[PDB]
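Neighbour counts run over all protein chains shown; Cβ positions are idealised from the backbone, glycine included. Where a number appears in this text, it was derived from the coordinates with a stated rule and is not lab data.
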Amino acid sequence: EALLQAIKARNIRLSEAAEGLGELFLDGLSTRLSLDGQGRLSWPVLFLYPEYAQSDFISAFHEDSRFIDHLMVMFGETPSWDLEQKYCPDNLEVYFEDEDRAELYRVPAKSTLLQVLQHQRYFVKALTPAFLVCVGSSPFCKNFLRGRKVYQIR
């Protein structure tokens, strides 16, 4: 169907497919992503906050939208769990894991979703891109990145 074709057209890697059984499974799943009138993709996206074991679900993250623009809106108000009141958009860092190699990639907040999904080591799970969000200078961020190779995407 349209959705899986649109994903492959963007050279985005899916964890279930990368026999064709994975593709068949994913085709079945896809038939929460949506296409614009101009053929542009919006994704359901999870932000995970591993400091407090919390998460936010963004229902329609447009592929051409920037992380910072979402973070500015989401962290306008302080969430109840932000005890030190330190989750300010300016100080937030966004990461994803390359699980097979046990390496982390930092995502500049001005990046678009499409730019990150097209990274060679980004693999989408359950058709739902996920990102780890934490405070740059914080004690937890120090501990979470401890003993891990940390790169930054272009």
Note, ³J(HN,Hα) from phi for segment 78-89, Karplus 6.51, -1.76, 1.60, rounded to Hz, x at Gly and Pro: 6, x, 3, 6, 6, 5, 7, 6, 10, 8, 9, x
Net charge of neighbours whose Cβ lies under 13 Å from the Cβ of residue 145, counting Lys and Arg as +1 and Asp and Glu as -1: +1
Over 26 Å [Cα-Cα, the chain], rounded percent: 28
Of 73, 150, 45, farthest towards positive along the dipole that unit charges on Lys, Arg, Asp, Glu beta carbons give segment 2-152: 150
Check: the chain dipole with +1 on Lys, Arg Cβ and -1 on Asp, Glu Cβ, in debye: 520
Viscosity 0.692 mPa s, temperature 37 °C, Stokes-Einstein D of segment 43-87 from Kirkwood C-alpha radius, µm²/s: 285
In order through segment 101-118: 3J(HN,Hα) via Karplus (6.51 cos²θ - 1.76 cosθ + 1.60), integer Hz, x for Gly, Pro: 9, 6, 10, 10, 10, 7, 10, x, 4, 6, 4, 8, 4, 4, 4, 6, 4, 7
Sequence-distant residues sharing a close amide H with residue 14 (under 5 Å, placed H): 124
